[PDB]
Chemist: 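Sharing a structure with you now.
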Amino acid sequence: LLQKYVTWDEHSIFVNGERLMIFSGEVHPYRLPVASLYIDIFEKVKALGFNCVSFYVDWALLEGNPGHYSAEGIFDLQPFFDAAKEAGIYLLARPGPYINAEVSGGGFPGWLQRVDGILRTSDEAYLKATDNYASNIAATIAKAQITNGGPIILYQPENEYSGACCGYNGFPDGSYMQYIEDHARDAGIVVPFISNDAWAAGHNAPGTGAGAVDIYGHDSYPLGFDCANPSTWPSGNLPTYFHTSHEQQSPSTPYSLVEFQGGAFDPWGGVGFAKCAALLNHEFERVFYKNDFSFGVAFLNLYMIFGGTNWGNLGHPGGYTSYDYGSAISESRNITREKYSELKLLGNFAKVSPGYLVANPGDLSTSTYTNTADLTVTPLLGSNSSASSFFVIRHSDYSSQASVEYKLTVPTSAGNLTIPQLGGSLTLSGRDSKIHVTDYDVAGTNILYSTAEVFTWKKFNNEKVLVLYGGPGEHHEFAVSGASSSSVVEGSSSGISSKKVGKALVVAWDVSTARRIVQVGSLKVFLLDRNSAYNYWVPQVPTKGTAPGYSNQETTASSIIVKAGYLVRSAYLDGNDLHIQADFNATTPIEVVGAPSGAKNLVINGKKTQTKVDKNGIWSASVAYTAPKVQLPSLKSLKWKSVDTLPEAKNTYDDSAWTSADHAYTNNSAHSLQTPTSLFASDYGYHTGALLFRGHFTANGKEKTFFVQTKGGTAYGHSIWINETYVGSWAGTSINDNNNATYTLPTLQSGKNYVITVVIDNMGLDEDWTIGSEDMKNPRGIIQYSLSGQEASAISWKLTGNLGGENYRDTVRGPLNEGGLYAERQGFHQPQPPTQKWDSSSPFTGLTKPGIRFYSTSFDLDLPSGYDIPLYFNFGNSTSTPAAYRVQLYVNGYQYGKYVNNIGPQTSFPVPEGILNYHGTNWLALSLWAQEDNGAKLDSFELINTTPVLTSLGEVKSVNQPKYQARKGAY
Ligand SMILES: *[C@@H]1O[C@H](CO)[C@@H](O[C@@H]2O[C@H](CO)[C@@H](O[C@@H]3O[C@H](CO[C@H]4O[C@H](CO[C@H]5O[C@H](CO)[C@@H](O)[C@H](O)[C@@H]5O[C@H]5O[C@H](CO)[C@@H](O)[C@H](O)[C@@H]5O)[C@@H](O)[C@H](O[C@H]5O[C@H](CO)[C@@H](O)[C@H](O)[C@@H]5O[C@H]5O[C@H](CO)[C@@H](O)[C@H](O)[C@@H]5O)[C@@H]4O)[C@@H](O)[C@H](O[C@@H]4O[C@H](CO)[C@@H](O)[C@H](O)[C@@H]4O)[C@@H]3O)[C@H](O)[C@H]2NC(C)=O)[C@H](O)[C@H]1NC(C)=O
Ligand SMILES: *[C@@H]1O[C@H](CO)[C@@H](O[C@@H]2O[C@H](CO)[C@@H](O[C@@H]3O[C@H](CO[C@H]4O[C@H](CO[C@H]5O[C@H](CO)[C@@H](O)[C@H](O)[C@@H]5O)[C@@H](O)[C@H](O[C@H]5O[C@H](CO)[C@@H](O)[C@H](O)[C@@H]5O)[C@@H]4O)[C@@H](O)[C@H](O[C@H]4O[C@H](CO)[C@@H](O)[C@H](O)[C@@H]4O)[C@@H]3O)[C@H](O)[C@H]2NC(C)=O)[C@H](O)[C@H]1NC(C)=O
Ligand SMILES: *[C@@H]1O[C@H](CO)[C@@H](O[C@@H]2O[C@H](CO)[C@@H](O[C@@H]3O[C@H](CO[C@H]4O[C@H](CO)[C@@H](O)[C@H](O[C@H]5O[C@H](CO)[C@@H](O)[C@H](O)[C@@H]5O)[C@@H]4O)[C@@H](O)[C@H](O)[C@@H]3O)[C@H](O)[C@H]2NC(C)=O)[C@H](O)[C@H]1NC(C)=O
Ligand SMILES: *[C@@H]1O[C@H](CO)[C@@H](O[C@@H]2O[C@H](CO)[C@@H](O[C@@H]3O[C@H](CO)[C@@H](O)[C@H](O)[C@@H]3O)[C@H](O)[C@H]2NC(C)=O)[C@H](O)[C@H]1NC(C)=O
Ligand SMILES: *[C@@H]1O[C@H](CO)[C@@H](O[C@@H]2O[C@H](CO)[C@@H](O)[C@H](O)[C@H]2NC(C)=O)[C@H](O)[C@H]1NC(C)=O
Ligand SMILES: *[C@@H]1O[C@H](CO)[C@@H](O)[C@H](O)[C@H]1NC(C)=O
Ligand SMILES: *[C@@H]1O[C@H](CO)[C@@H](O)[C@H](O)[C@H]1NC(C)=O
Ligand SMILES: OC[C@H]1O[C@@H](O)[C@H](O)[C@@H](O)[C@H]1O
Ligand code: NA
């Protein structure tokens with residue numbers, strides 16, 4: 001349309017005039033604030049055989065101060081774009097403005113609570129509020145487009161623009177979407193627009209007029225988000241109508257799933273992400289992802305591939321600090337989960353199967369393709385008698401854990417066949433699915449059929465290599481057209497049959513843990529068991545330079561096959577040295593297949609390695625691994641300093657400099673006031689972290705009770721004092737976002753002045769999932785209050801959140817990082833705080849009454865270089881009845897954890913190298929808020945590490961860590 005780099009037809013997208021099956025993974029740059037680590041994520045995604053990454057941009061972090069867009073330092077997107085280009089990964093940009101994503105406000109900055117218009121509509125005030133951000137982010141993305149030499153190939157306007165409720169009846173608003181599209185185009189965006197409908201409803205599909213996107217897309221999370229029963233696969237959850245709906249809604253464009261389940265989020269009081277990983281495990285992937293291929297999906301993006309962390313209060317109340325998501329790449333960036341290895345098998349299959357893109361998806365059947373109704377097969381038939389076809393098979397009841405025997409009856413260029421032709425039966429184990437192929441082209445050689453699945457294939461000079469695999473206890477068969485015989489060139493010939501049937505050479509075999517290589521003419525067929533295949537990698541090999549380049553026919557053709565361990569990042573040829581960059585977490589046997597003709601030596605991670613070659617031309621070597629010593633400090637033994645971070649509870653506290661909560665009106669269009677003046681924090685520019693309110697009044701002696709309704713979001717809590725006297729606390733629960741309470745008060749003297757201090761923990765702002773719900777506008781603060789014997793107006797209020805509010809103090813760490821606690825307002829959470837005159841008390845001693853104390857200490861690290869080592873701060877929780885207390889974890893000024901002992905479920909908090917300094921000094925700080933009469937203290941709090949990984953990853957550069965500085969106007 002506006003450019004020729006990215007085009008499409010009914011079958012697929014074309015990049016540079018070449019068909020490309022887009023297999024993408026979702027990654028959020030703001031959830032990993034360490035620029036030097038972006039390359040690690042991209043290389044791990046590229047190693048799966050993927051060629052694209054989808055990302056959101058969080059507006060709340062870029063325009064915290066209305067009118068000032070800021071995306072520099074850790075918020076700079078350039079290093080993210082650079083890493084993508086370096087790794088050879090294209091990008092789908094999804095800037096919102098609304099992104100949902102389980103982040104605070106669903107992306108909306110807190111000041112949107114003051115906008116007089118319904119969010120995500122054509123209301124004038126809302127549209128105008130988005131103009132500054134939209135112009136800036138679109139301009140940034142425009143420069144990184146493929147048309148300008150960058151990685152960005154697609155652009156998503158809005159997010160799940162799929163429904164409305166609660167009084168808003170303008171959906172679907174054609175001019176609303178057209179407005180977002182026009183503005184992006186006006187800012188320079190020329191790549192195609194792709195949508196992500198919540199369900200297959202055809203919203204904004206081509207031909208729908210104003211607002212229509214270029215390529216219609218939709219999302220799907222068939223197993224839901226409740227990970228409590230990981231082995232339970234509900235009846236009917238597997239979708240079977242995606243192809244039918246696609247042909248009715250957008251037949252002119254490639255079938256696209258812009259967001260397909262790759263894990264699940266987890267709420268406060270949830271079950272933990274380990275269970276989400278177990279629900280969306282490797283079995284889920286092979287069954288559901290192959291099911292997507294049965295529909296002929298041409299663009300598939302998995303949400304999330306890497307989740308990261310909701311550091312610095314960036315998340316919503318519907319979730320906690322961690323955003324591990326149970327995805328293939330863990331929060332600490334590791335790839336030990338079996339689902340990662342399984343996904344690699346499918347990604348690599350797609351990367352070498354262009355015939356799949358031009359096959360025609362058909363109707364599923366329980367009788368046409370096998371001899372048993374217990375199995376369902378969906379065909380993707382070739383255009384003509386000689387074109388390749390694909391058959392996706394699964395149990396008819398997708399949740400079945402049964403093992404079923406069968407015979408395949410499919411059409412081929414040689415007629416309708418009944419496989420296995422040489423005898424025996426095929427097997428489909430519990431919760432497994434396979435893609436059987438017919439007339440599969442391997443560089444000119446026709447594989448009439450193969451029951452075992454294809455991992456990859458390559459042509460090296462005149463030699464052709466095909467890698468097949470089967471699951472445990474399976475019997476398979478394949479046939480090569482025009483071949484005359486075969487020879488077993490590796491392994492025993494036991495269990496392998498070879499015979500000519502018609503004009504094809506048929507080979508039968510049984511899966512084994514021992515690899516077998518069968519030579520059929522110029523074709524070498526590797527016969528593997530699934531678990532051995534897990535250790536194979538297919539790195540591209542650059543002609544010149546070290547970067548692999550984007551994925552296309554040429555770069556795919558010159559790739560090599562490497563059997564190794566934990567990870568293979570890349571490979572390149574320099575002179576006669578073949579360089580391979582890899583990671584190891586154990587002693588690892590190495591095998592290189594297809595080394596370039598000019599390659600004479602093998603260099604692994606810069607080290608010359610002793611290599612030997614076998615009969616099949618395979619290079620072999622070994623990499624030894626020895627767990628290094630990792631010296632970590634004992635947190636309990638460090639020297640701690642602490643200070644009372646609730647000076648407001650003293651009669652000497654002066655709040656004159658605090659903001660006066662004197663607005664006799666609210667700017668919140670979704671909530672009318674119930675108090676004399678607004679006590680909604682956002683009306684005064686305070687949208688993040690602890691919020692404090694102080695109500696001044698002169699007693700008349702008739703007071704008895706103080707009723708109050710506070711609101712801080714799901715799992716929040718509050719504590720109250722009247723002058724120096726403790727009144728009470730609401731410790732919170734996983735199902736409460738607000739609380740009503742009538743507190744009795746101690747006797748007061750008529751004529752004297754008192755101040756009621758209310759401390760409220762803000763858990764973030766809500767998303768606005770359904771247009772018209774205005775949920776994002778749910779306020780934070782005091783909703784109602786009543787002091788018996790007194791008029792409400794008798795109380796004059798002061799309030800404070802983070803120092804400066806929207807005019808936040810930490811431009812480096814962002815608008816959400818710090819809250820309103822005294823120590824935070826002073827900047828004591830940063831490196832080198834002024835602890836000279838502080839008390840020498842540690843969090844292991846804690847408090848003996850309700851209150852809040854701030855702790856500080858430091859420790860040095862000097863971890864072994866050459867290793868990628870994940871570090872975690874772990875809190876103990878072994879008691880039956882949990883004490884009620886809240887903790888905020890600060891590392892070198894960055895808040896990396898909110899711990900609520902009585903709500904959970906997170907006890908282990910990972911912090912990446914870059915935030916933590918592995919070869920320098922580190923400043924640790926904690927706020928400890930006791931919400932029970934007996935006070936609170938930590939019994940177990942440690943810094944621990946997981947398996948050290950011998951890596952080729954470059955040394956991580958520490959991010960900017962601004963030190964403490966006395967702040968003007970602080971209080
Ligand atoms: C360094 O990094 C690496 C990554 O690069 C890390 O390695 C990963 O570690 C994961 C553990 O955290 C592991 O995942 C768990 O796997 C458990 C084992 O089950 C799987 O493997 C069985 C085969 O075992 C062989 O392979 C595995 C590795 O895949 C290895 O650990 C074993 O020692 C063994 O290796 C030997 O053989 C291979 C070749 O085969 C060689 O390469 C090796 O050198 C060794 O010689 C496999 O049978 C099993 O599959 C069956 O079961 C699953 C369900 O669990 C079915 O889906 C599947 O269909 C199949 O079932 C059929 O067949 C069986 C057998 O006939 C039959 O009985 C059934 O009826 C059915 O017909 C798996 O692939 C697994 O138990 C575990 O699951 C957990 O527990 C429960 C299950 O009880 C589960 O529900 C929970 O969700 C939970 O996850 C995990 O899945 C990864 O596989 C592994 N990846 C790699 C690449 O190795 C390594 O940890 C790290 N090291 C350090 C120090 O950090
Ligand atoms: C450290 O380990 C400890 C364990 O040792 C662990 O503590 C457990 O944490 C879990 C998860 O947070 C707790 O389980 C949840 O508890 C929720 C809170 O339950 C209480 O509060 C409810 C709300 O009360 C207020 O609001 C309601 C209306 O909103 C109002 O009526 C009330 O008056 C009040 O204002 C309340 O409804 C609930 O009442 C039930 O239970 C009591 C006690 O038996 C009973 O008398 C009542 O009749 C009623 O049955 C209770 O008072 C709870 O809401 C939540 O349940 C929801 O979610 C689950 C899904 O997880 C759903 O299955 C369920 O249907 C609900 O939707 C859930 O049960 C658990 O209580 C803790 N265990 C202990 C011993 O304290 C820590 O989290 C760990 N910490 C870390 C860091 O990991
Ligand atoms: C703490 O106590 C408060 C009440 O003091 C609880 O909130 C009430 O909860 C009940 C039960 O869910 C709700 O009852 C529903 O009311 C519907 C009608 O709502 C309108 O009329 C209400 C009465 O005047 C009014 O309060 C309410 O205002 C809300 O919506 C407005 C527009 O959306 C908004 O401008 C206001 O700011 C406010 O948010 C509506 O105008 C009725 O149709 C339902 O059948 C049902 O009866 C009350 O509406 C709730 N009241 C409020 C103010 O929200 C709260 O749940 C308690 N907290 C806990 C944890 O228990
Ligand atoms: C890779 O990263 C993941 C995510 O951070 C790490 O997973 C966490 O691993 C720990 C330890 O195995 C899990 O805790 C354990 O849970 C079991 C089950 O309750 C319990 O029996 C053990 O005593 C222990 O508590 C934790 O649940 C898990 N968390 C998540 C989100 O999955 C993993 O450790 C990392 N692996 C490596 C090698 O770095
Ligand atoms: C409750 O606290 C308030 C302060 O918030 C007290 O009032 C201040 O008292 C100090 C002396 O301690 C004076 O210097 C200030 O001028 C007072 N300011 C106000 C608002 O009057 C108040 O006296 C305390 N009440 C009681 C009974 O102790
Ligand atoms: C081959 O099998 C198909 C079923 O897929 C059937 O429709 C056809 O009649 C059979 N014979 C032909 C035409 O090859
Ligand atoms: C908030 O309300 C006040 C009073 O009506 C008004 O002056 C101000 O412009 C409003 N702010 C916004 C952003 O609408
Ligand atoms: O994690 C669930 C995801 O579901 C998608 O539909 C949504 O667009 C994402 O923003 C996220 O909420
Ligand atoms: Na827990």
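Excluded from the calculations below are hydrogen atoms, water molecules and symmetry mates; all remaining heavy atoms, backbone and side chain alike, are included. Quick note: residue numbers are just sequence positions, from 1. Counting starts at 1 for both ligands and their atoms, in listed order.
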Chemist: How many angstroms lie between atom CZ of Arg780 and atom OG of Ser682, to the nearest 0.5 angstrom?
Modeler: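 Answer rounded to 0.5 Å: 8.5 Å.
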
Chemist: For atom 17 (C) of ligand 4, state whether the nearest protein heavy atom is under 4.0 Å away.
Modeler: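 Answer no: nothing from the protein, no heavy atom, is under 4.0 Å.
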
Chemist: For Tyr899 and ligand 2, answer yes if some heavy atom of the residue is under 4.0 Å from a ligand atom, otherwise no.
Modeler: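 Yes; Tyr899 lies near enough to ligand 2 that a heavy-atom distance drops under 4.0 Å.
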
Chemist: Is it true that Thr659 and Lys798 share a donor-acceptor pair across their side chains at a distance under 3.5 Å?
Modeler: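 Looking only at side-chain atoms, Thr659 and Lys798 do not form any donor-acceptor pair under 3.5 Å.
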
Chemist: Quick check: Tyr785 with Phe707 (ring centres under 6.0 Å apart)?
Modeler: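 For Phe707 and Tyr785, the ring centres are not under 6.0 Å apart.
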
Chemist: Does some non-hydrogen atom of the protein lie less than 4.0 angstrom from atom 14 (O) of ligand 7?
Modeler: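 Within 4.0 Å of atom 14 (O) of ligand 7, protein heavy atoms are found.
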
Chemist: Mind checking whether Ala274 contacts ligand 4 via backbone (N, CA, C, O), side chain (CB onward), both or neither, at a 4.0 Å heavy-atom cut-off?
Modeler: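 Contact part for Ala274 vs ligand 4: both backbone and side chain.
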
Chemist: Please determine whether any non-hydrogen atom of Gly272 lies less than 4.0 Å from an atom of ligand 4.
Modeler: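 It does not, in that no heavy atom of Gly272 comes within the 4.0 Å cut-off of ligand 4.
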
Chemist: Work out whether the distance between some heavy atom of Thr879 and some atom of ligand 2 is less than 4.0 Å.
Modeler: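 The answer is yes: ligand 2 sits under 4.0 Å from a heavy atom of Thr879.
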
Chemist: Between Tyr872 and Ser332, is any side-chain donor less than 3.5 angstrom from a side-chain acceptor?
Modeler: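 Indeed, the side chains of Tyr872 and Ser332 share at least one donor-acceptor pair under 3.5 Å.
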
Chemist: Would atom 30 (C) of ligand 4 count as contacted, meaning some protein heavy atom under 4.0 Å?
Modeler: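 Under 4.0 Å from atom 30 (C) of ligand 4, at least one protein heavy atom found.
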
Chemist: Specify whether the nearest protein heavy atom to atom 38 (C) of ligand 2 is under 4.0 angstrom away.
Modeler: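 Within 4.0 Å: no protein heavy atom nearby.
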
Chemist: For atom 25 (C) of ligand 2, grab the closest protein heavy atom and report residue, atom and distance to one decimal in Å.
Modeler: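 Result: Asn736 OD1, 3.5 Å.
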
Chemist: Run down the list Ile903, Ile735, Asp737 and name the one with the heavy atom closest to atom 11 (C) of ligand 2.
Modeler: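 Heavy atom nearest to atom 11 (C) of ligand 2 belongs to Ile903.
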
Chemist: Please list the nearest protein heavy atom to atom 38 (C) of ligand 4 with its residue and the distance rounded to 0.1 Å.
Modeler: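 So the nearest neighbour among protein heavy atoms is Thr947 OG1, 3.8 Å.
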
Chemist: Tell me whether atom 23 (O) of ligand 4 lies less than 4.0 Å from at least one protein heavy-atom position.
Modeler: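 No, there is none.
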
Chemist: Answer yes or no: is there an ion pair linking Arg120 with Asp768, defined by an N-O contact shorter than 4.0 Å?
Modeler: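 Answer for the salt bridge query: no.
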
Chemist: When you measure from atom 76 (O) of ligand 2 to the protein, is at least one non-hydrogen atom found at a distance under 4.0 Å?
Modeler: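 Under the 4.0 Å cut-off, atom 76 (O) of ligand 2 does have protein heavy-atom neighbours.
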
Chemist: Among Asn334, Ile944, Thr946, which one puts a heavy atom closest to atom 33 (C) of ligand 4?
Modeler: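 Heavy atom nearest to atom 33 (C) of ligand 4 belongs to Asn334.
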
Chemist: Nearest protein heavy-atom contact for atom 4 (C) of ligand 4: which residue, which atom, what distance?
Modeler: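 Going atom by atom, the protein heavy atom closest to atom 4 (C) of ligand 4 ends up being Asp324 OD1, 3.6 Å.
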
Chemist: Return the residue, atom name and 0.1 Å-rounded distance of the protein heavy atom closest to atom 7 (O) of ligand 4.
Modeler: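 Among all protein heavy atoms, the one nearest atom 7 (O) of ligand 4 is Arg337 NH2, 4.7 Å.
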
Chemist: Taking only heavy atoms of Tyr872, which atoms of ligand 4 are found under 4.0 Å from at least one of them?
Modeler: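 Those of ligand 4 that fall under 4.0 Å from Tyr872 are 2 (O), 3 (C), 4 (C), 5 (O), 6 (C), 35 (C).
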
Chemist: For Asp266, is there an ion pair with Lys275 - N to carboxylate O distance below 4.0 angstrom?
Modeler: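 Not counted as a salt bridge, because no side-chain N and carboxylate O are separated by less than 4.0 Å.
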
Chemist: Answer yes or no: is there an ion pair linking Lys898 with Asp761, defined by an N-O contact shorter than 4.0 Å?
Modeler: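 Judged by the 4.0 Å cut-off on N to carboxylate O distance, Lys898 and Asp761 do form a salt bridge.
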
Chemist: Can you tell me if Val900 contacts ligand 2 (heavy atom of the residue under 4.0 Å from the ligand)?
Modeler: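 Yes; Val900 lies near enough to ligand 2 that a heavy-atom distance drops under 4.0 Å.
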
Chemist: Hey, is atom 9 (O) of ligand 7 under 4.0 Å from any protein heavy atom?
Modeler: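 It does not; no protein heavy atom is within 4.0 Å.
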
Chemist: Specify whether the nearest protein heavy atom to atom 11 (C) of ligand 4 is under 4.0 angstrom away.
Modeler: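 Under 4.0 Å from atom 11 (C) of ligand 4, zero protein heavy atoms found.
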
Chemist: Answer yes if a protein heavy atom lies under 4.0 Å from atom 69 (O) of ligand 2, otherwise answer no.
Modeler: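 No, because not a single protein heavy atom sits under 4.0 Å from atom 69 (O) of ligand 2.
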
Chemist: Any ion pair linking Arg114 and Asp683 (charged N to carboxylate O, less than 4.0 Å)?
Modeler: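 Result for this pair is no, no salt bridge flagged.
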
Chemist: Determine, counting only non-hydrogen atoms of the protein, whether one lies under 4.0 angstrom from atom 21 (O) of ligand 2.
Modeler: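 Answer yes: something from the protein, a heavy atom, is under 4.0 Å.
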
Chemist: Is the closest protein non-hydrogen atom to atom 1 (C) of ligand 4 under 4.0 Å?
Modeler: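 Yes, there is a protein heavy atom closer to it than 4.0 Å.
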
Chemist: Using a 4.0 Å heavy-atom cut-off, say whether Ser734 meets ligand 2 through its side chain, its backbone, both or neither.
Modeler: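 The answer is the side chain of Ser734.
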
Chemist: Quick check on atom 55 (C) of ligand 2 - does any protein heavy atom sit closer than 4.0 Å to it?
Modeler: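 Within 4.0 Å of atom 55 (C) of ligand 2, protein heavy atoms are found.
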
